[PDB]
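I have placed the structure first, in the form of structure tokens, so that the comments after it can refer back to it.
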């Protein structure tokens, strides 16, 4: 009666989803109106439901977010570890303190995104575009370009 709440949510169109989100105070987390129905995201969504806004730091750990347009999304202090972001657009996103540990960001687009505090342990970054590197240490900027990422 809870796995069901989530499956039912993920079966809805994006604007019906936003409707549900607002009748729950999760109107912050609009990117939830976009994620696709599949095994990983039913799980990720069950976290957001049980104890709603009893978390308020975005935990998208292990979620499938590939090929999404997440431009200008704010994910401050969010956990994206073991998450799939292949091909997604994160233009001008707020990614301060985001944990990217063991995440897949190949071909993702982070141009203009603010990245102070980000952790990139084991992260797959081949062809990840990073633009300026806004907020990364100049060693971080080195390690990441060695690992496939692309700047300016």
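Numbering (the authors' numbering), first residue to last: 10 to 161. Heads up, the beta-carbon is just placed ideally off N, CA and C, and yes, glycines get one too.
Sufficient close CB pairs (3 or more, under 8 angstroms) joining the stretch 92-104 to the stretch 65-81: yes
Less than 8 angstroms between C-beta atoms, sequence neighbours within five positions excluded: which residues of the same chain meet that for residue 154? 160
Whole angstroms is fine: what's the gap from residue 54's alpha carbon to residue 33's? 13 angstroms
Are the CB atoms of residue 119 and residue 145 nearer to each other than 8 angstroms? At a Cβ-Cβ threshold of 8 angstroms, residue 119 and residue 145 do not count as neighbours.
So, for residue 36: in the same chain, excluding its five sequence neighbours on each side, which residues have a beta-carbon less than 8 angstroms away from its beta-carbon? 27 and 30
Can you check which of these residues, 130, 156 and 124, is closest to residue 143 by C-alpha distance? 124
Over what stretch of residues does the beta strand (DSSP E) that includes residue 138 continue unbroken? 138-140
C-beta neighbour in chain D for residue 146, strict 8 angstroms: Of the chains in the structure shown, none is chain D; there is only one protein chain.
Residue ranges of each beta strand (DSSP E) within the stretch 56-136, 3 or longer: For the stretch 56-136, there is no continuous beta strand (DSSP E) assignment of 3+ residues that stays within its boundaries.
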